[PDB]
Structure formats: C-alpha cells, structure tokens
C-alpha cells in the first residue's frame, strides 16, 4: 500500500526534531522537548539513526550529518568513565540513562547505569558504522570510534543472575535486582550482547530470555501472539532488525515470526479500541494505539459514573500483560506499526491528523499523546487542556519520535533494515541466538 503525502511530512518534521533539539556541541539529544530537562542516551540512539534518513531525503547535507555524528561519537569515547557517584557519564562501557544536556555526566543520583538504554544507543552507533562506509577520513573515523564504543560494553559484567542481563547499576546500591525477561522490547539487548567479540554472552542468554515468553503467549482481541500490552515492545528492536522470515527456536516451534507477532499486536490494539470496553472517548477503528508515554496527571476522577485511575508518564498498553488504559493514545503506537499493518495504520494516522491535528500535529510532528476523555478542571503535570476536546501533551519524547521516523523510512525503502543487514555484529548476534531462514540464510 503506498503512503499519502502526509507521511513524507511526518517523516520530515520528526527528522527535524532530532536534528534541531540535539545539542550540537556534544550531540546529546533530549529525553523530552521543549521541557529539555536532561539528555537520554536512548534519545541519542535514535538521533544517530535519524541523521542518515535526513541525508537521503535531502533534509541535511552528508557533511553536516558526518560532523554531528563525529561530535557525538567522540563525546562518548572521551567522556569521563568510572564508578563514582558524580562526574562520570558511564562505567564498564555502559552509560547513565540520563546525562546533563551541557556537561554530559550523570544527571543526578536517581539515575541508573542502563543496559537497555546503552543498548538503544549502541544500535544507533552500529547504524553509523554500517552507513558511513565512504573513503572520507571522517567516515573512517566514524567506523573506528563506533567499533571502539561497542567493544567496550562489558555485557558479561551485568550477568548477575546466570546468563540473564540485569537492568542496570547504581554506585550507591549495586546491581539492579530486575532482569531483562521476555517478552518486551529488549530483544536487541541480547542480540548486542550475543554479537560482541570482546565481552559477549553465551547462546544460553537468549534461551532463558525466552523462558518467560509463555506467560505472555495467548489470545487477545482475535490474535494469538506474545501479548505484551505496550505497542513499543513490538517496535524498538524491529526498528533496526528485520524480523520477517528469520526464526529462532521459539518461533520455529510456534511456526510464526516476530514480524507477524508485531502485526498481530497491532490489529489487536485496533480491535481493542473498536470494542472499547472501557468506553473511553473517541476510541475507534481509526483512533487507537496505547503505549508508554505522557499523560495529564496522577489522579482519580469520575468518568461515566465510575472511578478511574489516570496517570501522567506511564506504561500504557492493550494486551494480556502491562495493559494500563487511561484514555490516552500516543500516535507513535499506531504510526510506528506502519510496517506491520499499513492497511490500518495509514487511515489511523490520517484520521488522527484530521480530527486532532490543529492541536496534536505541531512543529516536530505528533506530540507525545492525547486524551479526548480528560476535560477535568485540575492542575496538570504536563500538557494542556483544549476546551471540550480533552488534553494534549506539551512535550515530544525522543524514544517515541525515533520509531515514527525510522519505521516510515523502513516502509518507503527498508532503509534502516538494509543498513543493519550489513553489520557483522548484528548478524553474529542473531545467529548465536538460534535465528535461521530468510536473510540470515547462507
């Protein structure tokens, strides 16, 4: 199905987000903007993937993108590293999730050294490694620094419980007691750990990652799949990795793949909004999509003569696990699933843009979220009230923006996937996890 012109505008504004809102002195992209409290290393991951999308669509010159990319990779290479409570950006090749926008160190002491967030960064880093393949000495320098940053990550260090990778680490309390367990958006964590030639993990790590899959497998809204409620779980890893046809052991046994798993998640989200058992306002066949993102406030209000819990930033979803629902829809959820179900995502995007766009579609594309049900006369943590038209976010969230841009690019010409199909570490990672068939086939 071809894309209407609206999608080329969405692609562009969302690229422009990462180009503009990033600090150019160090290449740190904000967690959110315009609030701009601090940077996220996961923002940076999506930024590095964004810049070459801009080159190919002519929104930025190759030379600007190189200069920006080099600034970014050199910032991380040269950042102070160490176990100390202040003054460091990272440790053991990992980095703090959140760094100060100007000085680049751990924002504050509540900030963890993050495995999944380092992971997301590294996806962008390896993207730069496989994209900037020219004989420019700058592109060569990009390849080498990227290579160095990936090799320094000590995945093994974070294996506290057996082959399973911990979520992170604090100077003040030691390892985080939670582990990355399936199913969710962390497939690419274990891929990166499996593909490492310096500090790599064993195939075992994947096996046990999959042990908890069977808590999530079942039937929701007419579909049989791994039913993690938050849409993004089905998107982040799929940004860089093409999951069509290739099958690991679990999917070989189920007889599907992770691409079909995302597609099933997306139709189910849609059918959830059609049934709309919670009877949230405007939920319907072309107004849907629940995932982690902003909302109006931590509160309880009466809605249709019942008491309903409402959150600001929170996991939101539609599925058998982690399925909180406020009435707030995040555009990234439907849009970033363009590649999985374009026959429903296209009219969804058009419908939300038409109905809501005079307040929802702003300078850098879709704002993070909106809630047509929320018209209470109360203080907000963020966003704003539009009279008799509900609530809308005031911030964009980079990790919500990143997949909007990258998944539209993958729809148009499979650009992001094709670049990563050239990275030796991603391939190795997948092969060592047990993946076979499709493009992995020799």
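Positions refer to the first chain, counted from 1.
Between 282 to 290 and 77 to 85, point out the one with the higher average CA B-factor as the PDB entry records it.
-> Mean CA B-factor is higher for 77 to 85.
Higher mean Cα B-factor in the deposited model: 133 to 141 or 354 to 362? Comparing 133 to 141 with 354 to 362, the higher average CA B-factor belongs to 133 to 141.
Note to self: Take the CA temperature factors straight from the PDB entry and tell me which of 115, 337, 269, 160 peaks.
What the structure shows: Comparing C-alpha B-factors across 115, 337, 269, 160, the maximum falls on 160.
Going by what the PDB entry lists, where does residue 225 fall on CA B-factor within its chain: lowest, middle or highest third?
Lowest third of the chain for residue 225's C-alpha B-factor.
request  = Name the third of the chain's ranked CA B-factors that contains residue 431, choosing lowest, middle or highest.
outcome  = Answer is highest: the recorded C-alpha B-factor places it there.
Practice item. Place residue 242 in the lowest, middle or highest third of its chain's C-alpha B-factors, as listed in the PDB entry. Key: For residue 242, whose C-alpha B-factor we compare with every modelled residue in the chain, the answer is the middle third.
Open item on the list: Using the temperature factors of the C-alpha atoms in this entry, rank residue 236 within its chain: lowest, middle or highest third.
Closed with: Answer is lowest: the recorded C-alpha B-factor places it there.
Tell me, lowest, middle or highest third: where does the Cα B factor of residue 180 rank within its chain? Its C-alpha B-factor belongs to the lowest third of this chain's values.
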